[PDB]
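These numbers come from the heavy atoms of this one structure, side chains and all, not from hydrogens, waters or symmetry mates. Per chain, numbering begins at 1; letters A, B, ... match sequence-line order.
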Amino acid sequence: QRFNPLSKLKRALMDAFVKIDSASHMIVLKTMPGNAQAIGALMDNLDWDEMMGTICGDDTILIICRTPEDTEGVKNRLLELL
Amino acid sequence: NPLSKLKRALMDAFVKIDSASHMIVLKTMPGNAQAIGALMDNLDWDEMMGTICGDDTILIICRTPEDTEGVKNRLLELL
Amino acid sequence: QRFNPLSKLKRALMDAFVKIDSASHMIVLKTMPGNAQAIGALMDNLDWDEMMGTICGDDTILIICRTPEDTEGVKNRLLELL
Amino acid sequence: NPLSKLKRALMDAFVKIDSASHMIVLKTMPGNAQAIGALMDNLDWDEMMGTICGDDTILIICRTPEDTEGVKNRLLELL
Amino acid sequence: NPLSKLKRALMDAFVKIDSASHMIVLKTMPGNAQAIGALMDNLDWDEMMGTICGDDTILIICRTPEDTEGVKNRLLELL
Amino acid sequence: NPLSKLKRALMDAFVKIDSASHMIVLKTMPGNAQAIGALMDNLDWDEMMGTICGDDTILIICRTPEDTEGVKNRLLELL
Ligand SMILES: NC(=[NH2+])NCCC[C@H](N)C(=O)O
Ligand SMILES: NC(=[NH2+])NCCC[C@H](N)C(=O)O
Ligand SMILES: NC(=[NH2+])NCCC[C@H](N)C(=O)O
Ligand SMILES: NC(=[NH2+])NCCC[C@H](N)C(=O)O
Ligand SMILES: NC(=[NH2+])NCCC[C@H](N)C(=O)O
Ligand SMILES: NC(=[NH2+])NCCC[C@H](N)C(=O)O
């Protein structure tokens, strides 16, 4: 088991990931119930500047990026962990 | 029936619905965003990319303004 | 359909109620997923003084009362709605 | 003066603001998103369609990119 | 001075405090429970076992009824 | 396996556990209370009356101090 932020995110996503999609400036990341804030916290700890911000509900996370291009780059980075 | 459950819940919980771009902002009574979000998530609506719920406001994300209008219109039909 | 706070609570509980139990000074009220705050809000709007306060998670509400006797009285009042 | 409460709260909890398209992302101190969101919703500005708050991040949805800038600059005025 | 931040926040958001047994129930303005909870957790007082915050209500769990009173009175000092 | 899932999740998310009276206060990493709460709710533990989760703290309610100790000891066994 690896402990850096990315590895913690990767690990957490193994159990928690449900879906990821994007539209325009935002990524919609769906998690297992009650896991949105947990995953949001790990994401916020990655410190990816391309991520303008994250807003987490209970099982859904919205990641806002400045541009569609930034959104894709962040989505791709997350996808890599899956 | 998910749709019927949502309609029932919206009677008391609904406050406002609007949209811009590819999203719908649905305002509920205080504390109701998650409850309504749970019902909307149970809808079998492919066009609904997801919902993110605060306390009294739900953001419904669709891919496109056209999908957004479709989804909003379907919610409006329940009021 | 009736619209007073109690009737709104009663109505909301028809769909949302899962379990109610108590221990000492507190009631544990379990709801359908994502319904704790919704039910907490209705409960807080009843203005029952015997209720010291409510703290809601996602599907679980803790109602704190000053005494076990108060707790029972509030639990009984809720039970009546079910 | 009506903004004094929001100004006060921002002075203690504001971290950063940015916007993109129809949205403003406002970061607060941990656990302050709902608190600032309530103050923002209380403003009842028609340029703000709504807010969704997480724990430390608020998304404000405005009706247009122009409204978004207008709202963002109004908030920045308070800092 | 280390409590100044919590005092400030309470001055704007505190509604009421009560306690029973091992617990303190602190009511805040809507959406302020997590915000005050964060300030309280930052205190890292060993008399407070922890806090759980809803939207406008914080439950502080202390180790004993005596600790509960001690903590409640410390908080009341700030008002 | 619910227990195994919880154990796996606790590796990263666990911070502190304590108890008083008939409750357990379980502190997790920021933002993890609900995630861990979901796992604990999936345990088939009759003694656990329920959990209420904040942001990083979970309150686990049991009926009695004896049940509380039992439940805490079972959680401690996972660390
Ligand atoms: N258990 C629940 N709260 N379910 C509803 C989730 C609603 C929405 N997807 C959100 O994450 O904010
Ligand atoms: N009682 C409250 N938390 N009010 C603030 C709500 C802020 C925002 N509309 C949301 O639903 O996330
Ligand atoms: N979808 C979830 N968040 N599930 C976990 C709920 C945890 C706990 N029963 C609470 O209501 O706070
Ligand atoms: N302590 C936490 N919950 N941290 C994660 C916050 C995630 C995201 N920025 C939000 O506010 O929803
Ligand atoms: N706007 C709301 N969520 N209101 C209900 C609050 C319920 C309860 N007092 C809590 O803080 O958890
Ligand atoms: N980032 C935060 N919301 N921090 C405050 C947490 C307050 C309290 N321990 C809870 O979990 O509800």
Side-chain angles (χ1 to χ4, degrees), chain B residues 5 8-9 11-13 28-36 38-39 55, chain C, chain E residues 16 18-21 23 25-27 30 33 52-59, chain F residues 21-23 37 41 46-54 59-64 67:
Chain B
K5 282 188 61 72
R8 286 191 302 191
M11 179 184 55
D12 285 328
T28 70
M29 292 294 284
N32 278 258
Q34 286 292 339
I36 291 302
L39 298 173
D55 182 76
Chain C
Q1 291 317 300
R2 312 296 202 165
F3 292 99
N4 69 203
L6 197 64
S7 293
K8 286 198 201 167
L9 212 214
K10 180 160 178 195
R11 180 166 46 256
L13 287 169
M14 290 187 74
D15 270 351
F17 175 75
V18 171
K19 189 181 176 179
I20 188 170
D21 201 341
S22 59
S24 209
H25 291 70
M26 63 212 83
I27 296 160
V28 184
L29 209 203
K30 172 82 162 183
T31 71
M32 291 292 285
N35 275 256
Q37 286 291 347
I39 298 303
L42 294 174
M43 291 194 56
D44 288 356
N45 297 338
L46 305 162
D47 204 21
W48 297 348
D49 306 312
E50 291 79 7
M51 227 173 267
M52 262 190 46
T54 62
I55 304 84
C56 300
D58 181 74
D59 62 22
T60 306
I61 297 169
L62 191 64
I63 309 159
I64 298 93
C65 309
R66 293 183 185 65
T67 64
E69 314 85 86
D70 285 2
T71 307
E72 196 71 8
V74 169
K75 205 211 326 206
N76 293 345
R77 279 181 168 244
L78 292 161
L79 277 166
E80 287 194 342
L81 308 182
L82 305 170
Chain E
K16 66 166 163 182
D18 207 343
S19 69
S21 203
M23 287 169 305
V25 177
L26 190 165
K27 298 188 169 179
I52 316 280
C53 302
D55 181 76
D56 60 22
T57 305
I58 304 160
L59 185 62
Chain F
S21 185
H22 68 266
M23 69 216 80
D41 289 352
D46 285 1
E47 301 83 1
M48 178 163 329
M49 293 186 38
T51 60
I52 305 87
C53 305
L59 185 61
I60 298 156
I61 303 305
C62 301
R63 191 170 316 279
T64 68
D67 283 359

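- Contact of the C:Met26 side chain with the E:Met23 side chain is registered, since non-hydrogen atoms from C-beta on lie closer than 4.5 Å.
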Stepwise side chain to side chain contact (heavy atoms under 4.5 Å, CB included) check, C:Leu6 with C:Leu46: CA-CA 7 Å; C:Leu6 197 64; C:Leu46 305 162; 3.7 Å; yes
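- Between C:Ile39 and C:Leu29, some side-chain heavy-atom pair lies under the 4.5 Å cut-off.
- Judged by distance alone, the side chain of C:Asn35 and the main-chain N or O of C:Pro33 form a donor-acceptor pair under 3.5 Å.
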Test log, rule side chain to side chain contact (heavy atoms under 4.5 Å, CB included), inputs C:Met43 and C:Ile63: CA-CA 9 Å; C:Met43 291 194 56; C:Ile63 309 159; 3.1 Å; yes
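- Here C:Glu80 does not pair with C:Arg77 in a salt bridge; the nearest charged N to carboxylate O distance is not below 4.0 Å.
- To the nearest 0.5 Å, the span separating CD1 on C:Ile55 from CG on E:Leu59 amounts to 4.5 Å.
- When atom types are taken as modelled, the side chain of C:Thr71 and the backbone of C:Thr67 share a donor-acceptor pair closer than 3.5 angstrom.
- Sorted by first then second residue, the salt bridge (charged side-chain N to carboxylate O under 4.0 Å, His left out) pairs that include residues 36-62 of chain C, not counting sequence neighbours, are C:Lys30-C:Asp59.
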Candidate pair F:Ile61 and F:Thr51, rule side chain to side chain contact (heavy atoms under 4.5 Å, CB included), full reasoning: CA-CA 6 Å; F:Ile61 303 305; F:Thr51 60; over 6 Å; no
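- Within the 4.5 Å cutoff, no side-chain heavy atoms of C:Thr31 are placed close to those of C:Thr60.
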Criterion side chain to side chain contact (heavy atoms under 4.5 Å, CB included) on C:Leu81 and C:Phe17, from CA distance to verdict: CA-CA 10 Å; C:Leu81 308 182; C:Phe17 175 75; over 6 Å; no
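- Nearest heavy atom pair, residue E:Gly54 against residue E:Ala33, reads O-CB, 3.5 Å.
- The backbone N or O of C:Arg66 sits less than 3.5 Å from a side-chain atom of C:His25, completing a donor-acceptor pair.
- With a 4.5 Å cut-off on side-chain heavy atoms, C:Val74 and C:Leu78 count as touching.
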